[PDB]
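Quick notes on the structure that follows.
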Amino acid sequence: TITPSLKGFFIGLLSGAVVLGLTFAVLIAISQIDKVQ
Amino acid sequence: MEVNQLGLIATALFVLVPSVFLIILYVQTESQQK
Amino acid sequence: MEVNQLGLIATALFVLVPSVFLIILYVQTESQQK
Amino acid sequence: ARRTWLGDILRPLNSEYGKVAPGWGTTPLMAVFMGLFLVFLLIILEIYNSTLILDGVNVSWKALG
Amino acid sequence: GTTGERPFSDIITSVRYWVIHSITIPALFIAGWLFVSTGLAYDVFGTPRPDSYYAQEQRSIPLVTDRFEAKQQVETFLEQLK
Amino acid sequence: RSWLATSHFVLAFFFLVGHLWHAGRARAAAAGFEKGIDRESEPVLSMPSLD
Amino acid sequence: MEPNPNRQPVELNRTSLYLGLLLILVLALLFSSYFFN
Amino acid sequence: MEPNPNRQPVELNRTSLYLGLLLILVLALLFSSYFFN
Amino acid sequence: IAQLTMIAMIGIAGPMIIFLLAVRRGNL
Amino acid sequence: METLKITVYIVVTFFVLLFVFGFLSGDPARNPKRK
Amino acid sequence: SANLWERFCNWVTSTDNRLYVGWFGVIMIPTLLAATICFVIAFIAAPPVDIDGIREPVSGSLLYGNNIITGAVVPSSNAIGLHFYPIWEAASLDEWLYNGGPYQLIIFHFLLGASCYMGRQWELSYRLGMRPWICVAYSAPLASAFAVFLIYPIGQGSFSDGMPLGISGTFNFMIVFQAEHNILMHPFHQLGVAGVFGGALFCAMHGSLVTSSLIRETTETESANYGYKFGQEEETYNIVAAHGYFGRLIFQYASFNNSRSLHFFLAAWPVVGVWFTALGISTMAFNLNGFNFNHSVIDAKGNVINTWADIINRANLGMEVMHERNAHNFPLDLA
Amino acid sequence: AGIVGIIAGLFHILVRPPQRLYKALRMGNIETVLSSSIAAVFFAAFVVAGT
Amino acid sequence: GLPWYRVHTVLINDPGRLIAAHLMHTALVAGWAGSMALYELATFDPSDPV
Amino acid sequence: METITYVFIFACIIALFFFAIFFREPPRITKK
Amino acid sequence: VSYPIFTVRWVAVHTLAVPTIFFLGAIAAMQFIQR
Amino acid sequence: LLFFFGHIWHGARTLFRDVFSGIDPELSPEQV
Amino acid sequence: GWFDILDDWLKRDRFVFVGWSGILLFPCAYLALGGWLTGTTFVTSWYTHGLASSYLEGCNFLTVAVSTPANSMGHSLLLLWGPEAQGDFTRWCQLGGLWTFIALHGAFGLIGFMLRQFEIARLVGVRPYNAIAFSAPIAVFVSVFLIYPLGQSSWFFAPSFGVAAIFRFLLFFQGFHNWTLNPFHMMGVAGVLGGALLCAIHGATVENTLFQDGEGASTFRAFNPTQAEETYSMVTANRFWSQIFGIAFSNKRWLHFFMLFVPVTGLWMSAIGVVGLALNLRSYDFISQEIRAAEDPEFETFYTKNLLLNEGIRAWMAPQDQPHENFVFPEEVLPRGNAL
Amino acid sequence: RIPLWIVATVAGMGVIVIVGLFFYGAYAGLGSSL
Amino acid sequence: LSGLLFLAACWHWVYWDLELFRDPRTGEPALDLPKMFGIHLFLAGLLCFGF
Ligand code: CLA
Ligand code: CLA
Ligand code: CLA
Ligand SMILES: CC1=C(/C=C/C(C)=C/C=C/C(C)=C/C=C/C=C(C)/C=C/C=C(C)/C=C/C2=C(C)CCCC2(C)C)C(C)(C)CCC1
Ligand SMILES: CC1=C(/C=C/C(C)=C/C=C/C(C)=C/C=C/C=C(C)/C=C/C=C(C)/C=C/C2=C(C)CCCC2(C)C)C(C)(C)CCC1
Ligand SMILES: CC1=C(/C=C/C(C)=C/C=C/C(C)=C/C=C/C=C(C)/C=C/C=C(C)/C=C/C2=C(C)CCCC2(C)C)C(C)(C)CCC1
Ligand SMILES: [Cl-]
Ligand SMILES: [Fe+2]
């Protein structure tokens, strides 16, 4: 159970979510700062 | 078996070519307005 | 020579069938009134 | 039109044509199964590619009999 | 035919730009220079130095022969003073 | 012999192009249409259809 | 050129197609054996 | 039966025939060699 | 050893003989 | 074989003469406008 | 008769001919007819040719065991070299066909006619009052035929080394060329594929952009092509909507808005690129070959550290070492 | 997958597609079922070719 | 009228004839399978599975 | 047999060329 | 007009410009390495 | 690999059914 | 809703359009180009191919490359955090991890880019025939850089990202696959070469059939950016080619679609051929030819000649081109002609 | 305000210099043959 | 099975204008794709399970 390669998978699955997070985090923030019509 | 090599294409062309002729005519007839 | 036996009919059908298709359409198009 | 025995029985199943749910309906819930599916595929892929090793699974012609 | 961004022509012409970039542009250059000249680049990418392709006598190539124990096999190649 | 031959062929060739280019313009310049077909008097439109 | 006034349209009804195809096929079914010999 | 109101006529101009035939023939001239092998 | 000193001068000479003309403003 | 050489030479001369005497016959004139 | 010759000149120059037989046409049409007829007959029924002059006949005709892909018209013998070899230079046709006689008759007639074909592309443009330079675009594919059929043989000293007239024969010309000249590592060739790739690229670019920005005038179940009539006044596509899209794909200033600046680029790029690739074959016809980075990067001791350029050299050696088996008697291939 | 397919099936029989989606994926237009089906079809194809 | 590559657009909104079409296709594919098998059975040699 | 097939297709293309050039649809202006 | 400074264009430009010169400086130094 | 194109094609023809057969006037582009 | 506000921002008309697609495009596209430019100057191919492949080692713009991973790796994705590299970056570089990096990333970058085409077209309200066209370059990259090595033993036999490293990929396919003799490939060049012709011939035709809309010689200024009349005489162009070539266009809408069809169709055919080369299902030989060539020692065609060239290519290249095989070919076994 | 034509001609030569340095390195660095 | 599907294809061709394909509201041909998918998907998973 929980092999080294499996541990690495989580590391890549977690570090990926982070990138998706921070990206959309910044985006949603800056988007709601200017868009007047 | 030990048949003729040209037998196949001879039969094939004997069917298609004249049948093709007919179909060309029928369809061009069918598509005439009124 | 030492070619393929089916080569002839394969080439023959490869030419006729699609060419036949076109000609059927063209002639039926051509024959449409007005 | 033309009604039929079979046709009438199947009438209800085909009638709710343009019927849609309001707003973003079930979309957010769907986006979760979608994210789960993506990870699911990624797992069985990396398992097949031997990028994700698991003692117990031997991705070879072995482990068979 | 226009958008919010400040027209490049103006910026590349503005004295302020050059006052900034006469510092910034050469800085990066000298930085990249040092990255190589200090031999740091060699270690960051495991790139062999001119005297680190073979061993003194050896004339064989350090070819990686198996995926899983590759990293270990690679380290073993550096061992023989390669 | 290699340097000279190759160099002078490239020049010779491009000059044959230079020729065609400037000779083609001169014929059009003289007769006077090196700047486009006359919208009004379009020569082709005055010729019978070959169809 | 002047449109040649000697031309007429050509016609082949659906039955004639059927009667035709029937003739061609059965002829082929008759002579194929001798074609392969 | 009621005449199906979903049908349209089909058309193939003379050029399309030419462009067609050209495609078929040259393809045959290309693949015939490999067919005979 | 380093005749790059030459090129430099003869290289900036070109734009100079027209830069001075951008100063004295005329005949460009 | 010596004949063929003559024949060809004559033939080639023909077209070449047609070519030279062709552009010579006031070719710039032959054009839509200015001539 | 206003004057026979005057009428003759008027018929030739006439713009009312279905095919414009021009003054260049007077030379073109006969030469092209001689070339094609000789070719067709050769490609089908010509006997084997001793191309390398080593008494080793190479059959390239259909009737002699070939198909379309393998079949070719074999270049003149290497024993002839650059000598002029017309039919009236042979004791018999049998000898003429053996020494690759037809090849010269074809390439000479073709290159001549194909040159006149360019000349005619000017003439008709002149007679029609349109701008020239169309022939200038055709000068690029022509200069390639010239380079491949005439310039390279002149440089190498024999017509036997000119590109054969056939599919597989053309492949042979390339593979051998690469071995002896390393053409892939030559700038002019690289510029060639740049024009050719770019050409196909831009051809698809323009093609797509225009056809995608067509003004609607057709039904939902009607060919979008019919929305155009031959001899229109106004344009059939929204070039301003086209530029709007492509301008946003990359960025505005990297997009064309001038149709004339567009089509010039559309013409300039491939023609110029092919011009260089034509000059490449013509330059490497005098053995000014591509870059030679063999055994360049070496380590601190002196050992040779291989690159991809070296891997290319190995492939090149194989071609060199194996091409024209029995043709060589001496170490260096200098001919 | 069968059971999940049974469950998923019942869902799509009951719950209706969100307005946003119905508009986005141009539902009620059979030529969008094709686009998605084909997408799944060649996906499956690439897999069986690999296995 | 319709281009040759558009002849089947006659079904885009005709559920009846669209089912009839898909029915014919399915028939051909099922037709092929059965008859392709017969071809193999007429040529396959079971004399040696090794 | 093979030679025949190759020449035939070739002859057919040349035949097409003829009809394509001299028996095309006359390109009519404006009123089309 | 009152143009801004830091924009999306500014970001993009720098993602390419900044590494480039850093590389151009690195490569320039390589021209002196030997053996 | 061939069916990929069919996907891209039909996908496009679905989301672009309106602009199919062509487009129509206006002159907006470079201004939000 | 935040979504429509997120949308609003993305789809804003900037200098460099972002859009939803941009969230996928720009990250990958940048890393792909970046990864190449990185390896091109720094990372080596010594431990993977026994090759120098960077400026740092002395390679030039032509000889530089990001070489494929070792044959040992197999079809491994070679993740930085994978069983091979094990989180290590330096090791990752030395195992050719940057190749799968560039490949996979660039692959998604090509997906995003076409999506951009689709997205931008929709907004501007133009037909997506620019996206349909871009499918041909996709198929090629997919077939050559992914499908092909997926059929072989490993990523090692995929084309390495580099100028020279691509030239050997050409020569390899000649020597081993006889790629030039493949009908699908022939259609390929026919499309590209024919496409590069249409590009040339159409541009030149237009520039030299233009109307006079100005009084200057440089007719470039004399163009109306706001549609109106045709800038060039389509009618004159027709009669021209109809008399010099015998055939000529007469329908701009078809002419331009044709310019789309030819090069896109060509690249697609060349893709299929490569897909067949993955399983090594090549068009190497003509059985009728070989059989006569065996019985008859005097039968020689340009086809037989080429195969001999292939044997030479395979024999002399394989040793240093396939290190993992530990090839040893004695001088006496090397196929050679006379003298050379 | 710095005149555009000066900006280009200076950045122009600056490019010729660094690129020319590269061409020199082809006869001296590791990319040599000596 | 092919023969049966053939005959069925013929019937469905001649009797194309079944009411089942007509929407009660608009009185024009229409197919409720979302619900259909659910039905089919249910049958698929049900058959998948059994297999
Ligand atoms: C999943 C299956 C599927 C289905 C149901 C459709 C359905 C449709 N397609 Mg289509 N298509 C598909 C897959 C499919 N496509 C794929 C995979 C591709 C990529 C190659 C395309 C590319 C494509 C284009 C480019 C076009 C269509 C069009 C159309 C529409 C009109 C069809 C027509 O009249 O053509 C009739 C076609 C012919 C009469 C000629 C066919 C001759 C073929 C090429 C020769 C081979 C026949 C052979 C038996 C096929 C074997 C099948 C094989 C899979 C085993 C129709 C809605 C057209 C459209 O939208 O109209 C506006 C259109 O322009 N399709
Ligand atoms: C009564 C129905 C029936 C039965 C029992 C069979 C039985 C058989 N058929 Mg068959 N067939 C049928 C109807 C049937 N057929 C019909 C109607 C057609 C015409 C379309 C065919 C056409 C056909 C062909 C062309 C072939 C067979 C073959 C076979 C044999 C092997 C089957 C196999 O390997 O599966 C193959 C399994 C699959 C293809 C799996 C499909 C699953 C897909 C990918 C999933 C679809 C997506 C799904 C909706 C996603 C949601 C699911 C959810 C659970 C998540 C087997 C004897 C083969 C044979 O040996 O010839 C005799 C063969 O080559 N069949
Ligand atoms: C959106 C842009 C984008 C995309 C699509 C990718 C895509 C990829 N990158 Mg990547 N990357 C990006 C931006 C992106 N990158 C950026 C901006 C950087 C700079 C920091 C990098 C730096 C980078 C490196 C250094 C590497 C990659 C690699 C990869 C590849 C493998 C990564 C992987 O396993 O995915 C994993 C996928 C995910 C994590 C997605 C998960 C999303 C779900 C919904 C979140 C769920 C999380 C939750 C906890 C799960 C709970 C389940 C429970 C059972 C635990 C893949 C092609 C690798 C590569 O190329 O190998 C050769 C590699 O080594 N990337
Ligand atoms: C010294 C001397 C001499 C000589 C003299 C002379 C003769 C000089 C000349 C000089 C010159 C004559 C120089 C020039 C220079 C130039 C240059 C240096 C240029 C540059 C350029 C550039 C850089 C450009 C730029 C650009 C670009 C890139 C893009 C677009 C725009 C522009 C154009 C701006 C003698 C003999 C007496 C001897 C003694 C001493
Ligand atoms: C009616 C009926 C019947 C009968 C039935 C039958 C008899 C059927 C048959 C059927 C069949 C018998 C079918 C078949 C089919 C086939 C097919 C459908 C095929 C197809 C094929 C294809 C399509 C191919 C193609 C190709 C080629 C040609 C080459 C290249 C590749 C490919 C593969 C693409 C019975 C009595 C039972 C009962 C009831 C009624
Ligand atoms: C891999 C990796 C990554 C990435 C990175 C990056 C993104 C980088 C970038 C980089 C870059 C982005 C770089 C750049 C470079 C560039 C260069 C180096 C350029 C050069 C240039 C030149 C040299 C030029 C030349 C020329 C031309 C081309 C044209 C004509 C003229 C002249 C001469 C000027 C990360 C960390 C994420 C993760 C891990 C891994
Ligand atoms: Cl040879
Ligand atoms: Fe155009």
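Going through the structure tokens in order, the chains are called A, B, and so on, while each chain numbers its residues from 1 and the ligands are numbered from 1 in the order shown.
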
Can you move chain H onto chain G by a least-squares fit over all C-alpha atoms paired in order, then give me the moved copy as a PDB file with N, CA, C and O atoms, in the first residue's frame?
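The result, written out as out-v4.pdb:
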ATOM      1  N   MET H   1     -22.119  30.263 -81.582  1.00  0.00           N
ATOM      2  CA  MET H   1     -22.722  29.208 -82.389  1.00  0.00           C
ATOM      3  C   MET H   1     -24.235  29.153 -82.195  1.00  0.00           C
ATOM      4  O   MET H   1     -24.756  29.592 -81.171  1.00  0.00           O
ATOM      5  N   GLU H   2     -24.934  28.610 -83.187  1.00  0.00           N
ATOM      6  CA  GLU H   2     -26.381  28.452 -83.108  1.00  0.00           C
ATOM      7  C   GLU H   2     -26.747  27.101 -82.494  1.00  0.00           C
ATOM      8  O   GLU H   2     -26.235  26.065 -82.918  1.00  0.00           O
ATOM      9  N   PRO H   3     -27.633  27.114 -81.484  1.00  0.00           N
ATOM     10  CA  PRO H   3     -28.140  25.902 -80.832  1.00  0.00           C
ATOM     11  C   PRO H   3     -28.764  24.930 -81.829  1.00  0.00           C
ATOM     12  O   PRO H   3     -29.817  25.225 -82.393  1.00  0.00           O
ATOM     13  N   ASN H   4     -28.099  23.799 -82.050  1.00  0.00           N
ATOM     14  CA  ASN H   4     -28.556  22.785 -82.996  1.00  0.00           C
ATOM     15  C   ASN H   4     -30.006  22.371 -82.738  1.00  0.00           C
ATOM     16  O   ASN H   4     -30.319  21.841 -81.677  1.00  0.00           O
ATOM     17  N   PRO H   5     -30.895  22.627 -83.712  1.00  0.00           N
ATOM     18  CA  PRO H   5     -32.331  22.353 -83.594  1.00  0.00           C
ATOM     19  C   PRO H   5     -32.731  20.919 -83.951  1.00  0.00           C
ATOM     20  O   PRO H   5     -33.910  20.669 -84.206  1.00  0.00           O
ATOM     21  N   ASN H   6     -31.776  19.994 -83.968  1.00  0.00           N
ATOM     22  CA  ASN H   6     -32.083  18.610 -84.321  1.00  0.00           C
ATOM     23  C   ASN H   6     -32.145  17.679 -83.114  1.00  0.00           C
ATOM     24  O   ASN H   6     -32.445  16.498 -83.264  1.00  0.00           O
ATOM     25  N   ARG H   7     -31.875  18.209 -81.923  1.00  0.00           N
ATOM     26  CA  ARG H   7     -31.772  17.376 -80.726  1.00  0.00           C
ATOM     27  C   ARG H   7     -33.101  17.200 -79.993  1.00  0.00           C
ATOM     28  O   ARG H   7     -33.933  18.106 -79.953  1.00  0.00           O
ATOM     29  N   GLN H   8     -33.296  16.010 -79.436  1.00  0.00           N
ATOM     30  CA  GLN H   8     -34.447  15.719 -78.591  1.00  0.00           C
ATOM     31  C   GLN H   8     -33.958  15.160 -77.257  1.00  0.00           C
ATOM     32  O   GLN H   8     -32.814  14.722 -77.156  1.00  0.00           O
ATOM     33  N   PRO H   9     -34.818  15.174 -76.227  1.00  0.00           N
ATOM     34  CA  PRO H   9     -34.400  14.591 -74.949  1.00  0.00           C
ATOM     35  C   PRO H   9     -34.458  13.064 -74.961  1.00  0.00           C
ATOM     36  O   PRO H   9     -35.165  12.480 -75.783  1.00  0.00           O
ATOM     37  N   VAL H  10     -33.716  12.430 -74.058  1.00  0.00           N
ATOM     38  CA  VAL H  10     -33.677  10.973 -73.980  1.00  0.00           C
ATOM     39  C   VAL H  10     -34.391  10.488 -72.723  1.00  0.00           C
ATOM     40  O   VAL H  10     -34.333  11.135 -71.678  1.00  0.00           O
ATOM     41  N   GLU H  11     -35.062   9.345 -72.828  1.00  0.00           N
ATOM     42  CA  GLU H  11     -35.917   8.865 -71.751  1.00  0.00           C
ATOM     43  C   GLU H  11     -35.763   7.368 -71.496  1.00  0.00           C
ATOM     44  O   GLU H  11     -35.624   6.574 -72.428  1.00  0.00           O
ATOM     45  N   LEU H  12     -35.787   6.995 -70.220  1.00  0.00           N
ATOM     46  CA  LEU H  12     -35.750   5.597 -69.818  1.00  0.00           C
ATOM     47  C   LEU H  12     -36.560   5.413 -68.538  1.00  0.00           C
ATOM     48  O   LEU H  12     -36.106   5.783 -67.455  1.00  0.00           O
ATOM     49  N   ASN H  13     -37.755   4.844 -68.662  1.00  0.00           N
ATOM     50  CA  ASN H  13     -38.647   4.701 -67.516  1.00  0.00           C
ATOM     51  C   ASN H  13     -38.143   3.669 -66.510  1.00  0.00           C
ATOM     52  O   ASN H  13     -37.215   2.912 -66.796  1.00  0.00           O
ATOM     53  N   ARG H  14     -38.759   3.656 -65.331  1.00  0.00           N
ATOM     54  CA  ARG H  14     -38.310   2.809 -64.230  1.00  0.00           C
ATOM     55  C   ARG H  14     -38.395   1.328 -64.569  1.00  0.00           C
ATOM     56  O   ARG H  14     -37.501   0.556 -64.228  1.00  0.00           O
ATOM     57  N   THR H  15     -39.473   0.934 -65.236  1.00  0.00           N
ATOM     58  CA  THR H  15     -39.638  -0.452 -65.647  1.00  0.00           C
ATOM     59  C   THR H  15     -38.524  -0.866 -66.601  1.00  0.00           C
ATOM     60  O   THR H  15     -37.933  -1.939 -66.459  1.00  0.00           O
ATOM     61  N   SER H  16     -38.243   0.002 -67.568  1.00  0.00           N
ATOM     62  CA  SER H  16     -37.215  -0.259 -68.567  1.00  0.00           C
ATOM     63  C   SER H  16     -35.866  -0.491 -67.896  1.00  0.00           C
ATOM     64  O   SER H  16     -35.073  -1.321 -68.345  1.00  0.00           O
ATOM     65  N   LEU H  17     -35.617   0.244 -66.816  1.00  0.00           N
ATOM     66  CA  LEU H  17     -34.444   0.013 -65.982  1.00  0.00           C
ATOM     67  C   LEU H  17     -34.478  -1.389 -65.389  1.00  0.00           C
ATOM     68  O   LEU H  17     -33.498  -2.129 -65.470  1.00  0.00           O
ATOM     69  N   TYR H  18     -35.613  -1.743 -64.792  1.00  0.00           N
ATOM     70  CA  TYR H  18     -35.799  -3.068 -64.207  1.00  0.00           C
ATOM     71  C   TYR H  18     -35.667  -4.165 -65.259  1.00  0.00           C
ATOM     72  O   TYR H  18     -34.912  -5.121 -65.076  1.00  0.00           O
ATOM     73  N   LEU H  19     -36.408  -4.022 -66.354  1.00  0.00           N
ATOM     74  CA  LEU H  19     -36.324  -4.963 -67.467  1.00  0.00           C
ATOM     75  C   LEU H  19     -34.906  -5.048 -68.011  1.00  0.00           C
ATOM     76  O   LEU H  19     -34.439  -6.121 -68.394  1.00  0.00           O
ATOM     77  N   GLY H  20     -34.229  -3.906 -68.048  1.00  0.00           N
ATOM     78  CA  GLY H  20     -32.845  -3.856 -68.473  1.00  0.00           C
ATOM     79  C   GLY H  20     -31.940  -4.629 -67.535  1.00  0.00           C
ATOM     80  O   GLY H  20     -31.278  -5.580 -67.947  1.00  0.00           O
ATOM     81  N   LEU H  21     -31.914  -4.213 -66.271  1.00  0.00           N
ATOM     82  CA  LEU H  21     -31.091  -4.857 -65.251  1.00  0.00           C
ATOM     83  C   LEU H  21     -31.312  -6.366 -65.187  1.00  0.00           C
ATOM     84  O   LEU H  21     -30.358  -7.130 -65.048  1.00  0.00           O
ATOM     85  N   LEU H  22     -32.570  -6.789 -65.289  1.00  0.00           N
ATOM     86  CA  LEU H  22     -32.895  -8.212 -65.290  1.00  0.00           C
ATOM     87  C   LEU H  22     -32.201  -8.935 -66.435  1.00  0.00           C
ATOM     88  O   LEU H  22     -31.693 -10.036 -66.258  1.00  0.00           O
ATOM     89  N   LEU H  23     -32.175  -8.302 -67.602  1.00  0.00           N
ATOM     90  CA  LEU H  23     -31.538  -8.885 -68.776  1.00  0.00           C
ATOM     91  C   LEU H  23     -30.030  -9.022 -68.576  1.00  0.00           C
ATOM     92  O   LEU H  23     -29.462 -10.088 -68.805  1.00  0.00           O
ATOM     93  N   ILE H  24     -29.393  -7.937 -68.146  1.00  0.00           N
ATOM     94  CA  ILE H  24     -27.951  -7.917 -67.911  1.00  0.00           C
ATOM     95  C   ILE H  24     -27.510  -8.956 -66.875  1.00  0.00           C
ATOM     96  O   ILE H  24     -26.595  -9.741 -67.127  1.00  0.00           O
ATOM     97  N   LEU H  25     -28.165  -8.958 -65.717  1.00  0.00           N
ATOM     98  CA  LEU H  25     -27.805  -9.865 -64.626  1.00  0.00           C
ATOM     99  C   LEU H  25     -27.890 -11.341 -65.012  1.00  0.00           C
ATOM    100  O   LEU H  25     -26.932 -12.091 -64.824  1.00  0.00           O
ATOM    101  N   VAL H  26     -29.036 -11.759 -65.543  1.00  0.00           N
ATOM    102  CA  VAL H  26     -29.235 -13.159 -65.903  1.00  0.00           C
ATOM    103  C   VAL H  26     -28.302 -13.595 -67.035  1.00  0.00           C
ATOM    104  O   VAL H  26     -27.894 -14.754 -67.089  1.00  0.00           O
ATOM    105  N   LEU H  27     -27.970 -12.674 -67.937  1.00  0.00           N
ATOM    106  CA  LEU H  27     -26.982 -12.951 -68.975  1.00  0.00           C
ATOM    107  C   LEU H  27     -25.625 -13.194 -68.337  1.00  0.00           C
ATOM    108  O   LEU H  27     -24.885 -14.090 -68.743  1.00  0.00           O
ATOM    109  N   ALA H  28     -25.305 -12.385 -67.333  1.00  0.00           N
ATOM    110  CA  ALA H  28     -24.058 -12.538 -66.598  1.00  0.00           C
ATOM    111  C   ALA H  28     -24.057 -13.847 -65.820  1.00  0.00           C
ATOM    112  O   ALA H  28     -23.032 -14.511 -65.714  1.00  0.00           O
ATOM    113  N   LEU H  29     -25.216 -14.218 -65.287  1.00  0.00           N
ATOM    114  CA  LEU H  29     -25.351 -15.471 -64.553  1.00  0.00           C
ATOM    115  C   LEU H  29     -25.244 -16.665 -65.497  1.00  0.00           C
ATOM    116  O   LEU H  29     -24.938 -17.780 -65.075  1.00  0.00           O
ATOM    117  N   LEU H  30     -25.488 -16.417 -66.779  1.00  0.00           N
ATOM    118  CA  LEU H  30     -25.445 -17.465 -67.791  1.00  0.00           C
ATOM    119  C   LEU H  30     -24.049 -17.641 -68.381  1.00  0.00           C
ATOM    120  O   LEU H  30     -23.615 -18.762 -68.640  1.00  0.00           O
ATOM    121  N   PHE H  31     -23.346 -16.531 -68.582  1.00  0.00           N
ATOM    122  CA  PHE H  31     -22.070 -16.553 -69.288  1.00  0.00           C
ATOM    123  C   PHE H  31     -20.851 -16.570 -68.366  1.00  0.00           C
ATOM    124  O   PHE H  31     -19.742 -16.853 -68.816  1.00  0.00           O
ATOM    125  N   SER H  32     -21.052 -16.254 -67.089  1.00  0.00           N
ATOM    126  CA  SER H  32     -19.952 -16.233 -66.124  1.00  0.00           C
ATOM    127  C   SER H  32     -19.232 -17.576 -66.033  1.00  0.00           C
ATOM    128  O   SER H  32     -18.006 -17.625 -65.930  1.00  0.00           O
ATOM    129  N   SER H  33     -20.000 -18.660 -66.069  1.00  0.00           N
ATOM    130  CA  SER H  33     -19.438 -20.003 -65.997  1.00  0.00           C
ATOM    131  C   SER H  33     -18.480 -20.273 -67.151  1.00  0.00           C
ATOM    132  O   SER H  33     -17.438 -20.904 -66.973  1.00  0.00           O
ATOM    133  N   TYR H  34     -18.838 -19.780 -68.331  1.00  0.00           N
ATOM    134  CA  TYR H  34     -18.028 -19.978 -69.527  1.00  0.00           C
ATOM    135  C   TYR H  34     -16.866 -18.992 -69.579  1.00  0.00           C
ATOM    136  O   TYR H  34     -15.859 -19.239 -70.244  1.00  0.00           O
ATOM    137  N   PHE H  35     -17.011 -17.876 -68.875  1.00  0.00           N
ATOM    138  CA  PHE H  35     -15.945 -16.887 -68.789  1.00  0.00           C
ATOM    139  C   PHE H  35     -14.816 -17.411 -67.907  1.00  0.00           C
ATOM    140  O   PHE H  35     -13.640 -17.224 -68.213  1.00  0.00           O
ATOM    141  N   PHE H  36     -15.183 -18.068 -66.812  1.00  0.00           N
ATOM    142  CA  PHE H  36     -14.201 -18.682 -65.930  1.00  0.00           C
ATOM    143  C   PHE H  36     -13.690 -19.980 -66.546  1.00  0.00           C
ATOM    144  O   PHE H  36     -12.548 -20.380 -66.312  1.00  0.00           O
ATOM    145  N   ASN H  37     -14.549 -20.610 -67.347  1.00  0.00           N
ATOM    146  CA  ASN H  37     -14.257 -21.877 -68.020  1.00  0.00           C
ATOM    147  C   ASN H  37     -13.539 -22.902 -67.135  1.00  0.00           C
ATOM    148  O   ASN H  37     -12.394 -23.284 -67.380  1.00  0.00           O
TER     149      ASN H  37
END

key: Selection near stretch 23-38 of chain L, 6 Å with only C-alpha atoms, sequence-local residues under 6 positions removed, as a PyMOL selection string   = (chain P and resi 7+10-11+14) or (chain S and resi 33)

Pull N, CA and C atoms from the residues just selected and write them as a PDB file, in the first residue's frame.
ATOM      1  N   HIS P   7     -15.203  15.070 -36.235  1.00  0.00           N
ATOM      2  CA  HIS P   7     -15.554  15.749 -35.002  1.00  0.00           C
ATOM      3  C   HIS P   7     -15.379  17.265 -35.100  1.00  0.00           C
ATOM      4  N   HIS P  10     -18.061  18.714 -37.882  1.00  0.00           N
ATOM      5  CA  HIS P  10     -19.440  18.777 -37.408  1.00  0.00           C
ATOM      6  C   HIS P  10     -19.605  19.651 -36.170  1.00  0.00           C
ATOM      7  N   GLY P  11     -18.589  19.647 -35.311  1.00  0.00           N
ATOM      8  CA  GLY P  11     -18.583  20.485 -34.128  1.00  0.00           C
ATOM      9  C   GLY P  11     -18.690  21.937 -34.539  1.00  0.00           C
ATOM     10  N   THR P  14     -21.985  23.073 -36.056  1.00  0.00           N
ATOM     11  CA  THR P  14     -23.068  23.144 -35.085  1.00  0.00           C
ATOM     12  C   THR P  14     -23.042  24.482 -34.355  1.00  0.00           C
TER      13      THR P  14
ATOM     14  N   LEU S  33     -33.834  15.147 -27.715  1.00  0.00           N
ATOM     15  CA  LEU S  33     -32.522  14.529 -27.525  1.00  0.00           C
ATOM     16  C   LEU S  33     -32.131  14.225 -26.063  1.00  0.00           C
TER      17      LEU S  33
END

ask   = Taking only C-alpha atoms into account, which residues of chain K are within 9 Å of chain M, as a ChimeraX atom specification?
value = /K:221-223
